[PDB]
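Given next, in structure tokens, is a single chain: the form deposited in one PDB entry.
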């Protein structure tokens, strides 16, 4: 009945309407600020925009995200993943 695109569109509408979008987004940016993640990523992004800013973008972000994904503390990653899964468990049927 419901295809993957419909399901994911529905999951996101509910994520935002339930308010969980902001709760998770806020929790995350707070955890990431606590561990100085933003500043490292700022330097990384700023360092990677260099040596040569080639101003049509964004091929570079694909390279920055991987280390940035790894650069997230296990505490933050696990905590946020737990919140997300908790939201989904409440919303998915059967």
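Superpose the two forms; the largest set of C-alphas matching within 1.5 Å is the rigid core. Residue numbers count along the first chain shown, from 1.
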Averaging the C-alpha temperature factors as deposited, the higher value of 36-44 versus 61-69 falls on 61-69
Quick check on the record: does 10-18 or 72-80 carry the larger mean Cα temperature factor?
72-80
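Just so it is clear, the following notes concern the form deposited in another entry, a form of the same protein that is not shown.
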Rigid core superposition, residue 63 Cα moves 2 angstroms or more between this form and the one not shown:
yes
Aligning on the core only, does the CA of residue 49 end up 2 angstroms or more away between this form and the one not shown?
yes
